[PDB]
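All values below come from the heavy atoms of this structure, side chains included, with hydrogens, waters and symmetry mates left out. Just so it is clear: chains get the letters A, B, ... in the order the sequence lines come, proteins before strands, and each one is counted from 1.
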Protein chains: 2
Amino acid sequence: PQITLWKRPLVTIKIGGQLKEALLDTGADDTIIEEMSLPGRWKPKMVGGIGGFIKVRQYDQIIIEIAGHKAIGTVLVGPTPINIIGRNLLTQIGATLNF
Amino acid sequence: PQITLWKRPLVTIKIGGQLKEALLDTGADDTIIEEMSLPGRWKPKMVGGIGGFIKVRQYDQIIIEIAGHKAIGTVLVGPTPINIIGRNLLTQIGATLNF
Ligand SMILES: CN[C@H]1CO[C@@H]2OC[C@H](OC(=O)N[C@@H](Cc3ccccc3)[C@H](O)CN(CC(C)C)S(=O)(=O)c3ccc(OC)cc3)[C@@H]21
């Protein structure tokens, strides 16, 4: 699709068998999801933004369906105030910014 | 242009006659610039992000060039980790997300 930016670019995702709403975020290097369970091993990570840093769990090789497009990559899980799809998965669905 | 997301979507902006680097950020409602001097009166705003809130100064009807495109609109000034061009100005330059 072509997504205008008058409103937040929110989409439905499927992750870990669960449907969630998430923000398509070109300013995010990484994908950050609210607390949930994911399979496999994880390692701790700190991610920083406006406000400071939060501690997350890093899961590698996670499959997400993003507005119907499958992508695999790293997902960070922790106390984000919004689910964020970052560039590490936006590239895999072919997303570009155009003007 | 068409901006892919394999790298951060960094562009040059011009504000107050000065060139700065900024991130094109679809996840940002608002445009936030590092401490600098802007003309006129300001209003208070709290901005929430991944790791809590920051206080900023809100300046309205500021002239800013973004990757060669003229915009005139609200700029928040404060302790952002990076200059962010949010949707309020991305809509003025005609940016869309496409996949
Ligand atoms: C609610 N208020 C926010 C929304 O609109 C306002 O505009 C400014 C601020 O927006 C944000 O902080 N937006 C976040 C994304 C965002 C969105 C909403 C809440 C939290 C975060 C942004 O798009 C992505 N981030 C960083 C930029 C600040 C550099 S981040 O969430 O901190 C982030 C950092 C590192 C990551 O990987 C290393 C992945 C994500 C305000």
Side-chain angles (χ1 to χ4, degrees), chain A residues 3 5-11 13 15 20-36 44-59 74-90 97, chain B residues 5 8-11 13 15-16 18 20-62 64 66 71-93 95 97:
Chain A
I3 298 171
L5 292 173
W6 299 117
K7 300 273 241 32
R8 296 184 172 178
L10 297 165
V11 299
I13 70 168
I15 180 176
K20 293 183 171 298
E21 182 172 73
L23 183 65
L24 302 177
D25 187 355
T26 61
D29 299 339
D30 287 335
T31 292
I32 316 186
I33 308 296
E34 69 204 344
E35 286 292 348
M36 67 177 301
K45 187 178 162 78
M46 286 288 267
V47 306
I50 272 171
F53 285 75
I54 62 170
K55 192 170 180 236
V56 301
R57 302 192 311 281
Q58 181 181 330
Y59 295 86
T74 299
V75 173
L76 310 181
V77 177
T80 180
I82 191 160
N83 298 319
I84 296 163
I85 307 306
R87 290 188 298 99
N88 73 305
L89 297 180
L90 294 171
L97 266 176
Chain B
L5 295 170
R8 292 183 292 170
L10 298 169
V11 300
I13 67 167
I15 181 168
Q18 300 191 335
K20 299 173 180 296
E21 177 174 79
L23 184 65
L24 303 177
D25 191 356
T26 62
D29 300 339
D30 311 308
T31 293
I32 318 189
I33 306 298
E34 290 164 319
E35 177 53 26
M36 66 172 299
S37 151
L38 290 179
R41 289 184 58 87
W42 63 272
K43 292 163 29 157
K45 193 182 167 88
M46 288 226 321
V47 176
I50 210 149
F53 288 93
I54 63 165
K55 308 170 190 193
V56 299
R57 304 197 306 279
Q58 177 176 333
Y59 299 85
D60 296 323
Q61 224 171 316
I62 295 298
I64 174 174
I66 305 157
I72 306 179
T74 297
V75 174
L76 309 181
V77 178
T80 180
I82 194 165
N83 297 329
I84 294 152
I85 309 307
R87 293 187 301 89
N88 75 302
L89 302 183
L90 293 170
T91 57
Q92 292 200 19
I93 72 171
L97 269 176

Exercise. Can you find a heavy atom in the side chain of B:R57 that is under 4.5 Å from one in the side chain of B:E35?
Worked result: yes

Exercise. Going by heavy atoms in the side chains, are B:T74 and B:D30 under 4.5 Å from each other?
Worked result: no

Of all heavy-atom pairs between [X] and [Y], which one has the smallest distance, and what is that distance?
X     : Y     : value
B:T26 : A:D25 : OG1-CA, 3.5 Å
A:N83 : A:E21 : ND2-O, 3.0 Å
B:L97 : A:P9  : CD1-CB, 4.3 Å
A:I84 : A:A28 : CG2-CB, 3.5 Å
A:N88 : A:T31 : OD1-OG1, 2.8 Å
B:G49 : A:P81 : O-CG, 3.7 Å

Any chance you could measure [X], atom [atom1], to [Y], atom [atom2], to the nearest 0.5 Å?
X     : Y     : atom1 : atom2 : result
B:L24 : B:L5  : CG    : CG    : 9.5 Å
B:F53 : B:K45 : CZ    : NZ    : 10.5 Å
B:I66 : B:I93 : CD1   : CD1   : 5.0 Å

For this session: Salt-bridge test for A:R8 and B:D29: reply yes if a basic N is under 4.0 Å from a carboxylate O, no otherwise.
Result: yes

Exercise. Could A:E34 and A:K20 be called an ion pair, given the rule that one side-chain N must be under 4.0 Å from one carboxylate O?
Worked result: yes

Kindly write out the residues that satisfy side chain to side chain contact (heavy atoms under 4.5 Å, CB included) with [X], not counting sequence neighbours, or none if the list is empty.
X     : result
B:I72 : B:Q61, B:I63, B:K70
B:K43 : B:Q58, B:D60
A:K55 : A:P44, A:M46

For this session: Only one of B:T80, B:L76, B:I33, B:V75 passes side-chain contact (heavy atoms from CB on, under 4.5 Å) with B:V56; say which it is.
Result: B:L76

